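Encoded as structure tokens, the structure appears first; notes follow it.
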Amino acid sequence: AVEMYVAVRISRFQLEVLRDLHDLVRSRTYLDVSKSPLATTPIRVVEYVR
Amino acid sequence: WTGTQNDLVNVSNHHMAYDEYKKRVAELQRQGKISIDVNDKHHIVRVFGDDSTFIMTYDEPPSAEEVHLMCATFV
Numbered sequence: 317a318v319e320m321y322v323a324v325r326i327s328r329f330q331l332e333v334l335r336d337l338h339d340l341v342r343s344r345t346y347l348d349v350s351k352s353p354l355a356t357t358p359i360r361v362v363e364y365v366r
Numbered sequence: 002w003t004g005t006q007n008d009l010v011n012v013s014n015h016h017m018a019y020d021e022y023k024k025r026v027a028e029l030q031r032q033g034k035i036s037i038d039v040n041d042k043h044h045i046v047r048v049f050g051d052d053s054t055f056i057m058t059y060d061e062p063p064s065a066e067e068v069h070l071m072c073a074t075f076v
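Protein chains in written order, with our numbering: chain A, 317 to 366; chain B, 2 to 76.
What follows is the structure, given as structure tokens:
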């Protein structure tokens, strides 16, 4: 009723359906700074001990 | 010999003051303040009778508050 004589419609649609809750999990990667920490103070030469 | 005596005395205590100013600056450097890599290379002292001047050169110029800290330490 809120639409007019001619109707505008959509031909294709893509949606993901799931069957079990266990499937809802995915995975991403990180650095684990515990063993490979991010660096600071890059390599320098020694000229001023003190 | 008044001028000679004045310039001899003025250039003498300057060395002894710089000697201990170096120690104080080294103390501040080991703690976190002036920071490392702020070390002078050439220092020149010029004396004309009573009046005297002191010029120190650096490779990397210390920031503004570093200058205040080191000048206060020297004085």
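No residue lacks a Cβ here, since even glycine has one placed at the ideal position from N, Cα and C.
Chain A contact for residue i (CB, 8 Å cutoff)
i, result
"residue 25 of chain B", "no"
"residue 32 of chain B", "no"
C-alpha gap between residue i and residue j, whole angstroms
i, j, result
"residue 71 of chain B", "residue 352 of chain A", "39 Å"
"residue 67 of chain B", "residue 40 of chain B", "12 Å"
"residue 318 of chain A", "residue 327 of chain A", "21 Å"
"residue 364 of chain A", "residue 46 of chain B", "23 Å"
"residue 22 of chain B", "residue 344 of chain A", "56 Å"
"residue 10 of chain B", "residue 43 of chain B", "22 Å"
"residue 33 of chain B", "residue 27 of chain B", "11 Å"
"residue 359 of chain A", "residue 35 of chain B", "21 Å"
"residue 332 of chain A", "residue 323 of chain A", "27 Å"
"residue 338 of chain A", "residue 347 of chain A", "26 Å"
"residue 37 of chain B", "residue 76 of chain B", "21 Å"
Chain B within 8 Å of residue i, Cβ atoms only
i, result
"residue 342 of chain A", "no"
Partner residues on chain A for residue i, Cβ-Cβ distance less than 8 Å
i, result
"residue 37 of chain B", "364, 366"
Range covered by the beta strand (DSSP E) that runs through residue i
i, result
"residue 52 of chain B", "52-59"
"residue 48 of chain B", "41-49"
N-terminal and C-terminal residue of the alpha helix (DSSP H) that residue i is part of
i, result
"residue 324 of chain A", "No alpha helix (DSSP H) contains residue 324 of chain A, which DSSP labels as neither H nor E."
"residue 28 of chain B", "3-31"
"residue 70 of chain B", "65-75"
Chain A residues whose Cβ lies nearer than 7 Å to that of residue i
i, result
"residue 40 of chain B", "364"
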